[PDB]
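These notes concern the structure reproduced below.
Cβ coordinates were reconstructed from backbone atoms using ideal geometry, including for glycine residues, and neighbour counts include every protein chain displayed. What follows draws every value from the coordinates through simple rules; no lab data is involved.
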Amino acid sequence: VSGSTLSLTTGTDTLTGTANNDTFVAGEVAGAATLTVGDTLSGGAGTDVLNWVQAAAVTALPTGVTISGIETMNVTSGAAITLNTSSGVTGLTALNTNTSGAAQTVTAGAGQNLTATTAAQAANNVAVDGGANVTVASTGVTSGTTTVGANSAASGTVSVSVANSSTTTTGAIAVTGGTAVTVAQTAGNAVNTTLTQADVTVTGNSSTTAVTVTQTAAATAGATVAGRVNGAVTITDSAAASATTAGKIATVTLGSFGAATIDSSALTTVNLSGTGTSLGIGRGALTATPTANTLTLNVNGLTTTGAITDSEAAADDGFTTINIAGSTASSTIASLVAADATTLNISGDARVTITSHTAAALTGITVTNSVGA
Amino acid sequence: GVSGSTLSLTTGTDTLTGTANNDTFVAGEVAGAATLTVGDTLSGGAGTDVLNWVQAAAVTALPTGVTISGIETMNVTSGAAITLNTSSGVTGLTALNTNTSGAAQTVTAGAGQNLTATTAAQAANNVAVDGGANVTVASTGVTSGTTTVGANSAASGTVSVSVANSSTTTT
Ligand SMILES: [Sr+2]
Ligand SMILES: [Sr+2]
Ligand SMILES: [Sr+2]
Ligand SMILES: [Sr+2]
Ligand SMILES: [Sr+2]
Ligand SMILES: [Sr+2]
Ligand SMILES: [Sr+2]
Ligand SMILES: [Sr+2]
Ligand SMILES: [Sr+2]
Ligand SMILES: [Sr+2]
Ligand SMILES: [Sr+2]
């Protein structure tokens, strides 16, 4: 049931909503902000919203402001947003911060889903921390960077979308922590131009079980063709350097990639698609000899120009069984390097081509792929 | 207790009298200007009444000519330092709560007033409290800043000090 609209003032407000769905409006009055020192907002029962909008940059939650009972907080500025809602804000489950052509530096409470939406980001940087589920939705990015969890990891999942239609190389994307991470890049430069996409670094924490990093497929620029180069990808389990602590990242998905590396003692499955350069797979640095030594490569329309390498096998304990499952569209791996592999199984319903392989310890290759290998 | 009214002070000279019930006096800011101002007169009346004094500017004293009576609890929050002595005047006050972040506190409470000084990110700023009935100091983010209770007048009741430091700078 529709409730009331409650406009804040340039003074200290004490506003309590109804038992219904209310909208708290923290706009401007003649250019002056109305979310101001000492404001106390209580949504009451129902699904309540606070819309905080002002032309001037948002620089902080003001002194003495308390917000309770409001389920959604929308923050829109005509300039940058710098905001920490990890204190004074009870009951918020959705925090949405919105800029265009300006930076965002946002820290949310661990129970607040954060969505940072930036248009025309260009050379401005976006940094978000805290939150439950964290979502970054960035368009018109050029050299500006995208950083999640450098100070405090998301309690839930992380989803980053960065779009660049310039020829200026996309600023680096870094994510630290989260239960599952997806970094999705797109390149939208015009034909007969080339754009290099952002390097991506994803460092898991104790909760990170899966990481996904996708980009626009690489291509050579021509009169009819927009050129694209894929960025590097670095994915590191939090326990990658430990001799005793078990890993957590079990699945990695790459949709087109430059020079990519994975390091996780828990890794069992890698899903690959698009245009890849190279992929090196490390399994951490545990001293104990591993018992699960099966690697599954699920490929779908994958083309690599370089090698997929088990980097652990040469001097440590690599994978002994490699399962390659081809799906939906044919794949071509330029080189497969696996110094400890003794069994290679190739399955699926789409062709798998391995142009060259270096795996001297192999004793058996068996193909069940219905299309062929 | 039964809830009463909310009484917002203004940037003009206020004369505010509460209801026989539990009232909340709000002494905030209007567009950056304090609303607790010279000559203000506050009278809580019967019931359990509270004054919330919040402003970005430092608190250095009660403004000239201000009279406060019948208000049992006073909360003081500043964006800068707090320097305040409530051991005379403010008749009927039994609880004083002072709150800063990254700024010093120098507070003297009356011998019948429970004092709670809460400082976040105290760092190198010093906290000094005197007087009071039961005295509570709750400080986080302390570094080299000191904590001094009762150097000029001892608490009439108990003293409870909590000091948290997450730096490598000796507390
Ligand atoms: Sr206000
Ligand atoms: Sr409501
Ligand atoms: Sr409420
Ligand atoms: Sr509500
Ligand atoms: Sr290793
Ligand atoms: Sr080892
Ligand atoms: Sr080996
Ligand atoms: Sr006044
Ligand atoms: Sr009263
Ligand atoms: Sr009273
Ligand atoms: Sr009175």
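Quick notes
- Shielding of A:8-15 by partner chains, average beta-carbon count, 10 Å: 5
- Cα gyration tensor shape of segment A:12-85, rounded if a/c is under 1.5, else prolate or oblate by comparing a/b with b/c: prolate
- Using a Förster distance of 30 Å, the FRET efficiency for residue B:58-residue B:21 (Cβ separation, nearest 0.05): 0.35
- Net dipole in debye of the protein assembly as shown [+1 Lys, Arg Cβ; -1 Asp, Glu Cβ; about Cα centre; nearest 20]: 920
- Note on the protein assembly as shown: dipole from Cβ charges, positive end direction compared against A:190, B:50, A:78; the farthest Cα belongs to A:190.
- Gyration tensor (alpha-carbon) shape descriptor, segment A:114-267, a/c threshold 1.5: oblate
- DSSP bridge orientation in the protein assembly as shown - percent antiparallel, rounded to nearest 5: 5
- Ranked by the mean number of other Cβ atoms within 10 Å of their residues, highest first, the peptides A:281-289, A:298-306, B:153-161 fall in the order A:298-306, A:281-289, B:153-161.
- Size of the protein assembly as shown: Rg and Dmax of its alpha carbons, in Å, are 30.5, 96.
- For segment A:143-221: rounded, prolate or oblate by the Cα gyration tensor [a/c cutoff 1.5]: prolate
- Relative contact order (%) - criterion: Cα under 8 Å, at least six apart; region: chain A: 6
- Note on segment A:248-373: with charges restricted to the Cβ of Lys and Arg (+1) and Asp and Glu (-1), its dipole about the Cα centre is near 260 debye.
- Percent RCO, i.e. relative contact order, over segment A:81-225, from Cα pairs under 8 Å lying at least 6 residues apart: 16
- q = 0.13, 0.20 Å⁻¹: log10 I(q)/I(0) that the Debye formula gives for chain B, counting C-alpha atoms only: -0.62, -1.26
- Ordering B:10, A:47, A:205 by Cα displacement along the dipole of the protein assembly as shown toward the positive end leaves A:205 in first place; charges were set at the Cβ atoms of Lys, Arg (+1) and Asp, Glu (-1).
- For residues of B:110-116, the mean tally of beta carbons on other chains within 10 Å: 0
- 5 angstrom amide H check on residue B:80, placed H, neighbours 5+ away: B:58, B:59
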